[PDB]
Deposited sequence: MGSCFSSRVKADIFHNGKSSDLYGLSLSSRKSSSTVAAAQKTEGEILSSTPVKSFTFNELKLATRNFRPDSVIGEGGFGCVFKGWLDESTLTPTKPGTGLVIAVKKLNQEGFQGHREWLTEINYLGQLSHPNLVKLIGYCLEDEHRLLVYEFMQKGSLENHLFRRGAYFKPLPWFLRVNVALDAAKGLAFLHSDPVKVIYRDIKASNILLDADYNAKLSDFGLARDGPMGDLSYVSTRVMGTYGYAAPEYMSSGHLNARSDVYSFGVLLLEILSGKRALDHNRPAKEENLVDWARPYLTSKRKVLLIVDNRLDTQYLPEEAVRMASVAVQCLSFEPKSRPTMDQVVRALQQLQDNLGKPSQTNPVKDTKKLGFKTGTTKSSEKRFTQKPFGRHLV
């Protein structure tokens, strides 16, 4: 993980031009280049939270630098100067998953079925890596806003430190662990399958929550198919949507110990991805 001067990122990002700032670097030297050339970076401004000291922050940055994974946004560098604290990630060209699922359409086209399966699988692989034994990290913020897409539709978990998807044990007792992440992942799966936001106030009462709106439909295959995004018509085999809904429902089990691990959902979604398009 490289260290940058405030001036280096000052040059790279067109004078910190306006959600955080877009920059450019020469890929070999990691030095500022002219805009539109070389590696595109994203620089994030970080305020000091909890009075964290320089040494603690640098240590956290050090551990984050060890968490390289194809489904986590790559940390390129950082900056620590005159109280300045900046982070340098790879720029994700296609933004967050939100912009590719919801969005007042008519002239907008969301992700097709194959890329929805692939994106779900990618997020699952990142989260499973964070839950793995040599990592032991709880993401806490599994949300469609934090699934970023690159220029080839590769999905990665947004940057993370060391509402709408809340697990039951979190609402009740503030609990937060890997199983909580699993429940939130189930909510995300419902979002991907239906194309509807997890929490919508412009929805009838007792249905403003996506899990609650979907609960009576998650009772049979025929009713499961009723919540599939209608913009996905003819693209999927019914058993594929039923499979994704099944994984989501098992992730959404009320008792945390009934929810599968992220490795297991990775296996399931990987089978779904591997057999996509054919009856198999």
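In sequence order, the gaps in C-alpha coverage of the deposited chain fall at 1-51, 70-79, 224-242, 361-395.
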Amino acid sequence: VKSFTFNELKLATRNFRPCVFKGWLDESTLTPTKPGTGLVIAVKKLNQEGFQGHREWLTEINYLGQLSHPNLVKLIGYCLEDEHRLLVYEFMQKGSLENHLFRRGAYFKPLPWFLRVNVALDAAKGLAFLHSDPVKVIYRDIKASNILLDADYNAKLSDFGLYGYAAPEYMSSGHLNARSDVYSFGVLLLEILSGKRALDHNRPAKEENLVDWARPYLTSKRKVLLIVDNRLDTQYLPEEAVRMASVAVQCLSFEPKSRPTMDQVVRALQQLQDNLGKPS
From here on, numbers count along this sequence of modelled residues.
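The question of which stretch, 235-243 or 24-32, has the higher mean Cα B factor is settled in favour of 24-32. When the two stretches 245-253 and 40-48 are set side by side, the higher mean Cα temperature factor goes to 40-48. Between the residues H100, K196, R104, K156, the entry's highest C-alpha temperature factor is the one at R104. Looking only at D200, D150, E191, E90, the residue with the top Cα B factor in the deposited structure is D200. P70: CA B factor lies in the lowest third for its chain, per the PDB record.
Among the modelled residues of the chain, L9 sits in the middle third by CA temperature factor in this PDB entry. When the CA B factors of the chain's modelled residues are split into thirds, the value for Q273 lands in the lowest one. When all modelled residues of the chain are sorted by CA temperature factor, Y139 is found within the highest third. Sort the modelled residues of the chain by CA B factor and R179 lands in the middle third.
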